[PDB]
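Written below as structure tokens is the structure these notes are about.
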Ligand SMILES: O=C(O)c1cccc(O)c1O
């Protein structure tokens, strides 16, 4: 079985007990991403799935192009369970390449547009990817081979390097299909096999690989569809990066596909462009982050377009100020829907029948009744209305990043809960309220220190069992160390140990404290 090899390659699977419950309860279903697409072509063949400028794909056309492009990848040497990096802006051909890979059982590795070669190089190595597919909005951008020529080290195993330039027609975007006869392409992947790798939030360093299976990702999409209220008449505007988990599935373009609705792709966030598309296509839903909502609400063009069709606006990132939330609701005359989610798994939505106050003040309810949210104090669970470290496990939450055993020992609890790094509380209605991050960045005399970084090194000290690197005002760096009982755990020795390891001088603790617990 593929899972046997995957485990040896760094995949941490769902424990057998928890996997059975998720089967028994009807969470995990038996469709891969491509079996889902086939059944969507069966139900919604002639419905428009995607629009981008003057290009458009019905569900039938999406499935046909995907078959064709999958046949081409197969002829080029891509094999089932191979990892392939996919970097792309918001162009319509990205849906052909995603499902083309799914059609032969290849495994996408989703990379944000705007990630540099520095990010691509480490992701390619860590995933052992054999391919890099890069889509370009124009003939000016860097091709897949241009990016690979920037690597510091050769990567011989990443031998497939293909670029697609998005042009005025789909047929002209995929000229390599011209000499390929479409194939009955048959992958043997099961729904519980790994479907793809996502990337974690890359604000503090190199992104981590996140393995999702078909069954658990499609389950999350099914649930998101219900809570966002999507139907086959839904028209959704896509302004966020297509490669990002939010835009993909919360409820994302996959949620719209799932119901036979229409996705409208814009390469741009510019207010006037988006307002025009909303008016033109009578868009009813859009997902935003606060920075885009601020841009829209302060545009003086707001009054020049008919935005009457807007019904719901998702806002994700868990960093939405109540004042802006209320401005969103009243200015756009929509139901606000806050989304607190993460590529690693758990997603929380406010509900469409929620009071406006709840949508203003909270990030709503977990997708699954089998989702488990622990607000941890020392590790112990806290009651309602107590602020603590948000931890989670459930039917679509990863049990480990891919091919990262040392990080995994730290990013998950002993009983297998994912540690989000966020703090917050569950209120009286069981709505999550995110109030901040567990360990923010320290401002030590100009330098910005990532606590997680200093913690990793200090954990390489033999007698150390736990450390928490915090900042004090003056800002100084303090390390709270829990010993395994060692007088050699002291400031001078820890500092010299870190210097010897060649960390940045400006990231060494200025103070130590050896306690028995936090
Ligand atoms: O990564 C995120 O911030 C995010 C936000 C909302 C919904 C999601 O699925 C996410 O991954």
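Numbering (this note's numbering), first residue to last: -3 to 514.
Here a beta-carbon is modelled for each residue, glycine too, at the ideal position from N, C-alpha and C.
Distance between beta carbons of residue j and residue i, contact taken as under 8 Å
i           : j           : result
residue 454 : residue 473 : Contact doesn't hold; Cβ gap of about 11 Å is too wide.
residue 451 : residue 465 : 5 Å
residue 459 : residue 480 : 5 Å
residue 419 : residue 433 : 7 Å
residue 430 : residue 359 : 6 Å
residue 105 : residue 80  : 7 Å
residue 301 : residue 272 : 6 Å
residue 95  : residue 30  : 6 Å
residue 490 : residue 475 : 7 Å
residue 190 : residue 2   : 6 Å
residue 357 : residue 401 : With 8 Å as the limit, residue 357 and residue 401 do not qualify as a contact, their Cβ atoms being about 40 Å apart.
residue 146 : residue 113 : 4 Å
residue 385 : residue 415 : 7 Å
residue 398 : residue 6   : 5 Å
residue 28  : residue 187 : 5 Å
residue 64  : residue 193 : About 25 Å; that fails the 8 Å criterion.
residue 68  : residue 33  : That pair is no contact at about 17 Å.
residue 467 : residue 504 : Actually they are not in contact, since the Cβ atoms of residue 467 and residue 504 sit about 13 Å apart, beyond 8 Å.
Bridge partners - residue i, DSSP secondary structure assignment
i           : result
residue 272 : The partner list for residue 272 (beta bridge, DSSP) is empty, contrary to what the question assumes.
residue 47  : 52, 260
residue 133 : None; residue 133 has no bridge partner.
residue 107 : 83
residue 368 : 389
residue 418 : 433
residue 209 : 190
residue 195 : 205
residue 362 : 344
residue 336 : 344
residue 377 : 372
residue 479 : 460
residue 128 : 81, 157
residue 474 : 466, 507
residue 312 : 335
Nonlocal neighbours in the same chain, by C-beta distance under 6 Å from residue i, ignoring five residues either side
i           : result
residue 335 : 246, 310, 312, 345
residue 203 : 195, 196
residue 61  : 92
residue 368 : 389, 390
residue 8   : 395, 396
residue 78  : 102, 126
residue 70  : 100
Cut-off 7 Å between Cβ atoms - residues of its own chain near residue i, not counting five sequence neighbours on either side
i           : result
residue 288 : 235, 265
residue 90  : 84, 131, 238
residue 413 : 370, 387, 388, 389
residue 200 : 446, 448
residue 153 : 124, 126
residue 72  : 156
residue 52  : 44, 46
residue 338 : 416
residue 118 : 202
Status (buried if at least 16 other CB within 10 Å, exposed otherwise) for residue i
i           : result
residue 98  : buried
residue 24  : buried
residue 244 : buried
residue 241 : buried
residue 363 : buried
residue 66  : buried
residue 395 : buried
residue 37  : buried
residue 134 : exposed
residue 41  : exposed
residue 208 : buried
residue 427 : buried
residue 249 : buried
residue 422 : buried
residue 538 : Because the chain is modelled from -3 through 514, residue 538 falls outside the range shown and cannot be assessed.
residue 424 : exposed
residue 258 : buried
residue 262 : buried
Own chain partners of residue i with C-beta closer than 8 Å, once the 5 adjacent residues on each side are dropped
i           : result
residue 291 : 265, 267
residue 355 : 321, 325, 331, 332, 333, 334, 346
residue 298 : 267, 271, 292, 327
Original post:
Between the stretch 250 to 257 and the stretch 213 to 222, do at least 3 Cβ pairs fall closer than 8 Å?
Top reply: Inter-segment contact for the stretch 250 to 257 and the stretch 213 to 222 is present: three or more beta-carbon pairs are separated by less than 8 Å.
Subject >> Contact the stretch 200 to 216 vs the stretch 390 to 406: 3+ CB pairs below 8 Å >> reply: These segments touch.
Subject >> Sufficient close CB pairs (3 or more, under 8 Å) joining the stretch 477 to 491 to the stretch 500 to 511 >> reply: They touch, by the three-pair rule.
Subject >> Inter-stretch contact (C-beta, 8 Å, three-pair minimum) for the stretch 276 to 286 and the stretch 227 to 244 >> reply: The answer is yes - the stretch 227 to 244 touches the stretch 276 to 286, with three or more Cβ pairs under 8 Å.
Subject >> the stretch 175 to 187 touching the stretch 99 to 112, judged by at least three CB pairs closer than 8 Å >> reply: With three or more CB-CB distances shorter than 8 Å, the stretch 175 to 187 counts as touching the stretch 99 to 112.
Subject >> Inter-stretch contact (C-beta, 8 Å, three-pair minimum) for the stretch 123 to 130 and the stretch 155 to 165 >> reply: Because the criterion of three Cβ pairs below 8 Å is met, the stretch 123 to 130 and the stretch 155 to 165 touch.
Original post:
With distances taken from each beta carbon to the nearest heavy atom of ligand 2, which residues come in below 7 Å, in chain order?
Top reply: Absence of ligand 2 from the depicted structure is noted, with ligand 1 being the only ligands included.
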